[PDB]
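K.L.:
query_9.cif is reproduced in full below (mmCIF, C-alpha atoms and all ligand atoms).
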```
data_target
#
loop_
_atom_site.label_atom_id
_atom_site.label_comp_id
_atom_site.auth_asym_id
_atom_site.auth_seq_id
_atom_site.Cartn_x
_atom_site.Cartn_y
_atom_site.Cartn_z
CA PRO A 1 -20.81 8.37 -21.46
CA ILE A 2 -23.14 11.30 -22.11
CA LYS A 3 -26.91 11.21 -21.98
CA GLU A 4 -29.20 14.05 -23.06
CA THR A 5 -32.84 14.49 -22.03
CA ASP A 6 -35.23 17.39 -22.64
CA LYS A 7 -34.32 19.09 -19.34
CA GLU A 8 -30.74 18.01 -18.68
CA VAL A 9 -27.46 16.42 -19.70
CA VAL A 10 -25.72 13.78 -17.59
CA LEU A 11 -22.08 12.77 -17.90
CA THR A 12 -20.73 9.57 -16.37
CA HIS A 13 -17.04 8.74 -16.23
CA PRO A 14 -16.12 5.77 -18.48
CA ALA A 15 -13.84 4.21 -15.84
CA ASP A 16 -16.48 4.44 -13.10
CA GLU A 17 -20.14 5.15 -13.82
CA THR A 18 -20.66 6.24 -10.18
CA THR A 19 -18.70 9.40 -10.95
CA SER A 20 -21.19 11.70 -12.66
CA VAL A 21 -22.34 15.29 -13.22
CA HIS A 22 -25.92 16.45 -13.96
CA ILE A 23 -26.33 19.76 -15.81
CA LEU A 24 -29.72 21.44 -16.12
CA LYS A 25 -30.16 23.15 -19.49
CA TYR A 26 -31.89 25.95 -17.54
CA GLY A 27 -28.98 28.20 -16.47
CA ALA A 28 -26.57 25.52 -17.76
CA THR A 29 -26.66 24.75 -14.03
CA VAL A 30 -24.57 21.92 -12.67
CA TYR A 31 -26.78 20.67 -9.80
CA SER A 32 -25.06 17.40 -8.89
CA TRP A 33 -21.48 16.14 -9.04
CA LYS A 34 -20.83 12.72 -7.61
CA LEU A 35 -17.33 11.41 -7.11
CA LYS A 36 -17.47 7.62 -6.81
CA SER A 37 -21.09 7.90 -5.52
CA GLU A 38 -20.33 10.75 -3.08
CA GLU A 39 -22.19 14.06 -3.72
CA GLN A 40 -19.78 17.00 -3.78
CA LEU A 41 -22.24 19.90 -4.22
CA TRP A 42 -24.99 21.14 -1.93
CA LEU A 43 -28.49 21.43 -3.33
CA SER A 44 -31.54 22.63 -1.41
CA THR A 45 -34.20 19.91 -0.98
CA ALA A 46 -36.64 22.60 -2.18
CA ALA A 47 -34.54 23.76 -5.13
CA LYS A 48 -36.52 24.28 -8.35
CA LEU A 49 -35.20 22.34 -11.31
CA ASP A 50 -38.17 23.26 -13.53
CA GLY A 51 -36.97 26.64 -14.86
CA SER A 52 -39.40 28.64 -12.70
CA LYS A 53 -36.53 30.45 -10.92
CA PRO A 54 -32.77 29.99 -10.45
CA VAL A 55 -31.48 26.77 -8.86
CA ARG A 56 -30.71 27.12 -5.14
CA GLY A 57 -27.54 25.02 -5.03
CA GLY A 58 -25.11 23.40 -7.46
CA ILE A 59 -23.15 25.89 -9.57
CA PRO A 60 -25.37 28.75 -10.69
CA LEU A 61 -23.73 30.95 -13.34
CA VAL A 62 -23.46 34.68 -12.67
CA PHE A 63 -23.44 37.03 -15.71
CA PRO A 64 -23.30 39.89 -16.59
CA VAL A 65 -23.58 41.42 -13.14
CA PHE A 66 -22.57 40.12 -9.71
CA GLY A 67 -24.96 41.31 -6.99
CA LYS A 68 -27.34 44.18 -7.67
CA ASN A 69 -25.94 47.11 -9.61
CA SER A 70 -27.24 50.60 -8.85
CA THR A 71 -25.23 53.02 -11.01
CA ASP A 72 -24.81 51.57 -14.54
CA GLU A 73 -27.67 52.65 -16.86
CA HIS A 74 -28.30 49.14 -18.19
CA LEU A 75 -26.80 46.74 -15.66
CA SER A 76 -28.82 48.45 -12.91
CA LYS A 77 -32.00 47.19 -14.61
CA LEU A 78 -31.15 43.52 -14.03
CA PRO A 79 -32.07 41.39 -11.00
CA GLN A 80 -29.38 40.28 -8.51
CA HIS A 81 -26.75 38.14 -10.26
CA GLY A 82 -27.86 38.81 -13.83
CA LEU A 83 -29.55 36.73 -16.51
CA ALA A 84 -27.32 33.70 -17.22
CA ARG A 85 -28.84 31.64 -14.36
CA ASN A 86 -32.46 32.25 -15.44
CA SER A 87 -32.04 31.66 -19.18
CA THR A 88 -32.27 28.27 -20.86
CA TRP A 89 -28.94 27.48 -22.52
CA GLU A 90 -28.57 25.43 -25.71
CA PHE A 91 -26.77 22.08 -25.46
CA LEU A 92 -24.10 22.34 -28.14
CA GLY A 93 -23.03 18.71 -27.87
CA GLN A 94 -20.18 16.60 -26.63
CA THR A 95 -16.59 17.49 -27.44
CA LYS A 96 -14.87 14.54 -25.73
CA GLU A 97 -15.62 11.01 -24.57
CA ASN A 98 -12.74 10.77 -22.12
CA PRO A 99 -12.72 12.85 -20.08
CA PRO A 100 -16.42 13.29 -20.91
CA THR A 101 -16.75 16.93 -22.02
CA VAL A 102 -19.79 18.93 -23.18
CA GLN A 103 -20.57 22.50 -24.25
CA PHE A 104 -23.54 24.80 -23.67
CA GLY A 105 -24.24 28.12 -25.34
CA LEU A 106 -26.17 31.34 -24.73
CA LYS A 107 -26.81 34.41 -26.84
CA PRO A 108 -29.44 37.14 -26.61
CA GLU A 109 -31.73 35.40 -29.15
CA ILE A 110 -32.33 32.41 -26.85
CA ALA A 111 -31.81 34.08 -23.42
CA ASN A 112 -34.45 35.22 -20.90
CA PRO A 113 -36.78 37.47 -22.99
CA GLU A 114 -37.69 40.00 -20.24
CA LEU A 115 -34.12 40.37 -19.08
CA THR A 116 -32.68 40.55 -22.61
CA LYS A 117 -34.93 43.55 -23.31
CA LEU A 118 -33.53 45.30 -20.18
CA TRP A 119 -29.92 44.56 -21.09
CA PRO A 120 -29.84 44.22 -24.92
CA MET A 121 -26.07 43.81 -25.27
CA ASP A 122 -24.56 41.44 -27.85
CA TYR A 123 -22.51 38.55 -26.51
CA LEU A 124 -21.91 34.87 -26.98
CA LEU A 125 -21.27 32.49 -24.05
CA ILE A 126 -19.77 29.04 -24.30
CA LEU A 127 -19.65 26.89 -21.13
CA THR A 128 -17.54 23.76 -21.25
CA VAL A 129 -18.04 21.13 -18.55
CA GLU A 130 -15.38 18.41 -18.20
CA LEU A 131 -15.80 15.42 -15.90
CA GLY A 132 -12.46 13.90 -14.83
CA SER A 133 -12.03 10.78 -12.72
CA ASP A 134 -11.29 12.97 -9.69
CA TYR A 135 -12.18 16.54 -10.71
CA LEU A 136 -14.82 18.72 -12.31
CA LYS A 137 -13.80 21.60 -14.62
CA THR A 138 -16.22 24.33 -15.66
CA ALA A 139 -14.79 26.68 -18.22
CA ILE A 140 -16.35 29.78 -19.77
CA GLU A 141 -15.63 31.79 -22.88
CA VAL A 142 -17.31 35.15 -23.51
CA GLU A 143 -17.18 36.77 -26.96
CA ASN A 144 -18.16 40.37 -27.66
CA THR A 145 -20.07 39.93 -30.91
CA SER A 146 -20.65 43.68 -31.32
CA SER A 147 -18.55 45.40 -33.97
CA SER A 148 -18.87 48.85 -32.36
CA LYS A 149 -19.63 48.59 -28.64
CA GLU A 150 -17.46 47.37 -25.79
CA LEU A 151 -19.03 44.72 -23.56
CA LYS A 152 -18.86 45.35 -19.83
CA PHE A 153 -19.60 42.40 -17.49
CA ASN A 154 -18.72 40.40 -14.39
CA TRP A 155 -18.46 36.59 -14.41
CA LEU A 156 -18.78 34.33 -11.38
CA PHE A 157 -19.30 30.60 -10.67
CA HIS A 158 -21.62 30.45 -7.62
CA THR A 159 -20.24 27.10 -6.36
CA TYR A 160 -22.05 25.48 -3.39
CA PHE A 161 -19.69 22.93 -1.83
CA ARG A 162 -21.29 20.22 0.32
CA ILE A 163 -19.78 19.76 3.75
CA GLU A 164 -20.74 17.96 6.94
CA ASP A 165 -20.81 20.84 9.47
CA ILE A 166 -20.04 24.50 8.79
CA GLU A 167 -19.09 25.21 12.39
CA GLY A 168 -16.36 22.54 12.33
CA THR A 169 -15.08 23.54 8.86
CA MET A 170 -12.21 25.83 7.95
CA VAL A 171 -10.97 27.28 4.67
CA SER A 172 -7.25 27.65 4.07
CA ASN A 173 -4.88 29.61 1.80
CA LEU A 174 -6.58 32.96 2.03
CA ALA A 175 -4.46 34.27 4.95
CA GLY A 176 -3.21 37.82 4.30
CA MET A 177 -5.47 38.48 1.34
CA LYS A 178 -7.49 41.67 0.94
CA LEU A 179 -11.26 41.32 1.01
CA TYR A 180 -14.37 43.43 0.69
CA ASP A 181 -16.85 42.60 3.44
CA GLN A 182 -20.33 42.93 1.99
CA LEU A 183 -21.99 42.78 5.43
CA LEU A 184 -19.87 45.35 7.22
CA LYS A 185 -19.36 47.37 4.01
CA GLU A 186 -15.61 47.79 4.45
CA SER A 187 -12.35 46.48 3.03
CA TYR A 188 -9.60 44.97 5.15
CA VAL A 189 -6.88 42.32 5.08
CA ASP A 190 -7.83 38.90 6.50
CA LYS A 191 -5.08 38.40 9.08
CA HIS A 192 -6.24 34.97 10.29
CA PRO A 193 -4.40 31.80 9.24
CA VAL A 194 -7.68 30.10 8.26
CA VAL A 195 -11.31 31.09 7.80
CA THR A 196 -13.69 29.69 10.45
CA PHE A 197 -17.47 30.17 10.74
CA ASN A 198 -19.87 31.31 13.46
CA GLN A 199 -22.23 33.75 11.73
CA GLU A 200 -23.42 35.00 8.36
CA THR A 201 -20.54 35.82 6.08
CA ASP A 202 -20.42 37.46 2.69
CA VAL A 203 -16.88 38.49 1.72
CA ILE A 204 -15.09 39.06 -1.61
CA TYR A 205 -11.39 38.12 -1.48
CA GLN A 206 -9.21 39.77 -4.14
CA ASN A 207 -5.99 39.07 -6.10
CA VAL A 208 -6.36 35.30 -6.11
CA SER A 209 -4.17 33.81 -8.83
CA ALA A 210 -4.01 30.51 -10.61
CA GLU A 211 -1.27 29.62 -8.12
CA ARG A 212 -3.39 29.94 -4.98
CA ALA A 213 -5.53 26.80 -4.42
CA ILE A 214 -8.16 27.15 -1.71
CA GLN A 215 -8.81 24.15 0.56
CA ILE A 216 -11.90 23.29 2.56
CA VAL A 217 -10.92 21.24 5.60
CA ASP A 218 -13.00 19.06 7.94
CA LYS A 219 -11.55 16.86 10.74
CA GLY A 220 -8.02 17.61 9.46
CA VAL A 221 -8.90 16.30 5.96
CA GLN A 222 -8.92 18.42 2.76
CA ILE A 223 -12.39 17.53 1.57
CA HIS A 224 -12.46 20.04 -1.31
CA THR A 225 -9.87 21.90 -3.41
CA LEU A 226 -10.71 24.85 -5.67
CA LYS A 227 -8.39 26.16 -8.37
CA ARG A 228 -9.09 28.72 -11.04
CA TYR A 229 -7.74 30.50 -14.06
CA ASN A 230 -8.42 34.18 -14.82
CA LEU A 231 -10.83 34.78 -11.95
CA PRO A 232 -9.04 37.03 -9.46
CA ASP A 233 -11.87 37.23 -6.90
CA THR A 234 -13.34 34.67 -4.52
CA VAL A 235 -16.68 35.23 -2.80
CA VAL A 236 -17.03 33.31 0.46
CA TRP A 237 -20.64 33.06 1.55
CA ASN A 238 -22.79 31.28 4.10
CA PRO A 239 -26.26 32.61 4.88
CA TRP A 240 -26.42 31.30 8.47
CA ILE A 241 -29.68 31.04 10.41
CA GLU A 242 -31.74 34.14 9.60
CA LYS A 243 -30.95 34.53 5.90
CA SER A 244 -31.61 30.79 5.36
CA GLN A 245 -35.05 31.13 7.00
CA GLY A 246 -35.89 33.95 4.56
CA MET A 247 -34.92 32.10 1.36
CA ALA A 248 -38.15 30.43 0.21
CA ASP A 249 -36.51 27.66 -1.80
CA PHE A 250 -33.79 27.00 0.77
CA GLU A 251 -34.44 23.80 2.74
CA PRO A 252 -33.93 22.40 5.30
CA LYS A 253 -33.54 25.61 7.31
CA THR A 254 -30.52 24.04 9.04
CA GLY A 255 -29.13 23.39 5.54
CA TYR A 256 -26.62 26.27 5.89
CA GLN A 257 -24.75 23.74 8.07
CA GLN A 258 -23.99 21.47 5.08
CA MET A 259 -22.85 24.09 2.59
CA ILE A 260 -20.16 26.67 2.01
CA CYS A 261 -20.06 28.84 -1.12
CA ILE A 262 -16.53 29.55 -2.40
CA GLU A 263 -17.15 31.33 -5.64
CA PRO A 264 -14.38 32.22 -8.09
CA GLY A 265 -15.13 35.23 -10.27
CA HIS A 266 -14.21 38.57 -11.76
CA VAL A 267 -16.40 40.87 -9.72
CA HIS A 268 -14.19 43.58 -8.06
CA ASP A 269 -14.61 45.54 -11.28
CA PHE A 270 -16.08 45.01 -14.76
CA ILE A 271 -14.25 43.33 -17.61
CA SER A 272 -14.45 45.63 -20.65
CA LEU A 273 -14.16 43.60 -23.81
CA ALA A 274 -13.46 45.33 -27.16
CA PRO A 275 -15.59 44.45 -30.23
CA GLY A 276 -14.90 40.97 -31.68
CA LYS A 277 -12.71 40.07 -28.71
CA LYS A 278 -12.89 37.05 -26.38
CA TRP A 279 -12.31 36.44 -22.67
CA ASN A 280 -11.97 33.04 -21.03
CA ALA A 281 -11.56 31.53 -17.59
CA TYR A 282 -12.28 28.36 -15.63
CA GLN A 283 -12.68 26.85 -12.19
CA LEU A 284 -11.42 23.37 -11.31
CA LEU A 285 -12.85 21.41 -8.38
CA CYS A 286 -11.07 18.41 -6.89
CA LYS A 287 -10.40 16.63 -3.58
NA NA A 301 -39.68 27.09 1.96
#
```
Can the structure from this file be put into C-alpha cells for me?
Ligand code: NA
P.N.:
Amino acid sequence: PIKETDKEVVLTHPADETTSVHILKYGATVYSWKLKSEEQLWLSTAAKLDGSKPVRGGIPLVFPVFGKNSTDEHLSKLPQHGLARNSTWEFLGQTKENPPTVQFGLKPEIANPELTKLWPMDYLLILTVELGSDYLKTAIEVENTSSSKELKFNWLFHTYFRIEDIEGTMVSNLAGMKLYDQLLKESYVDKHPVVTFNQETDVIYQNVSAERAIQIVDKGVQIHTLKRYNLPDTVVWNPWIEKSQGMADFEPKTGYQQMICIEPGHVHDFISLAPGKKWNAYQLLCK
C-alpha cells in the first residue's frame, strides 16, 4: 500500500505491513526503512523533518555538487552538498503496487528559490523508490533539459546505515581499492582486508562497479548489503566524537556509534551531460 500526506509518502509491503519506508517530500528524503519492524537507517533524534534544513539521517540526496566546490563559477556558489536535499520535491505518484513503487520529481521551477538563483541550470530529476520484501531500491534519472548547454553535476545517495556499535563493525569488499582521504588530503590504496573504525573517517573509494557488493558486518553477521548501478564512487563516513558534538541537529552525541555512512555516488569528477540527454543510476540496499 501507499499513503500520501501533506509532508510525506509512506509505502508498506503488501505481504507484510511491518516492512515500510517513509519518504519526506522535502529533499525526497527517505528517513525510515523498516524491514519486518526493524529500522535499517539511522536518524538523529534531533533531525528536522519540517523543511527548515536538510534531514540529519536517512538518505539525503546530493545534487549537483558533492562537498563544497571552490573553482567552478556556478557550483562554487552552492552550499555543501548542493540543493536537492533542501528543495521540496513533487510526489509524482505510484508506479507499482507490488513491489510498492513511487516517483518524485524536481526541476528549477519548484526547487529551493535562493539556491536556484545561484545555480540556474536546467535539469529534470526523477527519483524512484521501490520497497521490496527484503530490499530498498532508490533510483535516479537526470535529464539535461537545455537544448544548448551541457549539464555538469555530481550525484550521491548519502545513506546512513543503522548499526549497533561502530567500534565492533567492519566493512568488507573494499580491499585493494583506491581511495581519496578527505581528512588527510591524499590518495592511496586501502591495503586492509576490511575497514574497521577507531576515529573520524571521510574517504572516497573509487572504481566500484555493479559487481562489487559492500557488506557491513557485526558479530560475524552481514547486517547490511549495498549494491549499485552506475555510481563508481563510495564515500565512507563517520563523524566520531568531535564532529558529532559540533553538528547541532545530531543527537545523541554518542549517536556516531549507531551509524555508518556508505554512500554510493559519482563524485570523483563531474558527469557532463549533453543537451536533451539522460543519465541514470541506482543503489540497492538489502540484508
Ligand atoms: Na543539539
K.L.:
Of the candidates A:185, A:53, A:266, A:219, which shows the shortest atom-to-atom distance to residue 203 (chain A), using all atoms listed in the file?
P.N.:
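Closest candidate: A:185.
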K.L.:
Can you list, as JSON, numbers by chain, every protein, DNA or RNA residue that comes within 6 Å of region 95-110 of chain A when you count all atoms listed in the file, leaving out same-chain residues fewer than 4 positions away?
P.N.:
{"A": [89, 90, 91, 123, 124, 125, 126, 127, 128, 129, 130, 131, 132]}
K.L.:
At a cut-off of 9 Å, using only C-alpha atoms, what residues contact residue 159 (chain A)? Leave out same-chain residues fewer than 5 positions from it and give the result as a PDB file with C-alpha atoms, keeping the file's coordinate frame.
P.N.:
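Result saved to part_28.pdb:
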```
ATOM      1  CA  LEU A  41     -22.240  19.900  -4.220  1.00  0.00           C
ATOM      2  CA  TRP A  42     -24.990  21.140  -1.930  1.00  0.00           C
ATOM      3  CA  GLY A  57     -27.540  25.020  -5.030  1.00  0.00           C
ATOM      4  CA  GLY A  58     -25.110  23.400  -7.460  1.00  0.00           C
ATOM      5  CA  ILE A  59     -23.150  25.890  -9.570  1.00  0.00           C
ATOM      6  CA  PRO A  60     -25.370  28.750 -10.690  1.00  0.00           C
ATOM      7  CA  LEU A  61     -23.730  30.950 -13.340  1.00  0.00           C
ATOM      8  CA  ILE A 260     -20.160  26.670   2.010  1.00  0.00           C
ATOM      9  CA  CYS A 261     -20.060  28.840  -1.120  1.00  0.00           C
ATOM     10  CA  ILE A 262     -16.530  29.550  -2.400  1.00  0.00           C
ATOM     11  CA  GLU A 263     -17.150  31.330  -5.640  1.00  0.00           C
ATOM     12  CA  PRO A 264     -14.380  32.220  -8.090  1.00  0.00           C
TER      13      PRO A 264
END
```
K.L.:
I'd like the box whose edges run along x, y and z of the file and which contains every listed atom of region 80-94 of chain A, padded by 5 Å per side; could you state its centre and edge lengths in Å, one decimal, as AutoDock Vina command-line options?
P.N.:
```
--center_x -26.3 --center_y 28.4 --center_z -18.3 --size_x 22.3 --size_y 33.7 --size_z 29.6
```
K.L.:
What do you get as a PyMOL selection string if you pick all residues at most 9 Å from ligand NA 301 (chain A), counting only C-alpha atoms and all ligand atoms?
P.N.:
chain A and resi 46+245-253
K.L.:
If you measure from CA of residue 157 (chain A) to CA of residue 1 (chain A), what distance in Å do you get, rounded to one decimal?
P.N.:
24.8 Å
K.L.:
Could you please give me, as a count of residues only, the residues of protein, DNA or RNA lying at most 12 Å from (-7.8, 38.7, -2.8) in the coordinate frame of the file, considering only C-alpha atoms?
P.N.:
34
K.L.:
How many Å separate CA of residue 200 (chain A) from CA of residue 169 (chain A)?
P.N.:
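Spanning CA of residue 200 (chain A) to CA of residue 169 (chain A) is a straight-line distance of 14.2 Å.
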K.L.:
Identify which of the residues A:136, A:286, A:49, A:223 lies closest to residue 20 (chain A), counting only C-alpha atoms when measuring atom-to-atom distances.
P.N.:
A:136
K.L.:
Within 12 Å of (-11.7, 39.0, -29.3) in the file's own coordinates, which protein, DNA or RNA residues have an atom, counting all atoms listed in the file? List them as JSON, numbers by chain.
P.N.:
{"A": [123, 124, 141, 142, 143, 144, 145, 146, 147, 150, 151, 272, 273, 274, 275, 276, 277, 278, 279, 280]}
K.L.:
Under the rule that only C-alpha atoms are counted, which of A:80, A:40, A:5, A:133 is the nearest residue to residue 17 (chain A)?
P.N.:
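Looking only at the distances to residue 17 (chain A), the closest residue turns out to be A:133.
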K.L.:
Got a sec: who's within 10 Å of residue 83 (chain A), counting all atoms listed in the file, leaving out chain neighbours fewer than 6 positions off, as a PyMOL selection string?
P.N.:
chain A and resi 27+54+61-65+111-116+119
K.L.:
Separation of CA of residue 28 (chain A) and CA of residue 85 (chain A), in Å?
P.N.:
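So the two atoms, CA of residue 28 (chain A) and CA of residue 85 (chain A), lie 7.4 Å apart.
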K.L.:
Choose the residue, out of A:47, A:92, A:78, A:221, that has the smallest atom-to-atom separation from residue 9 (chain A); count all atoms listed in the file.
P.N.:
A:92
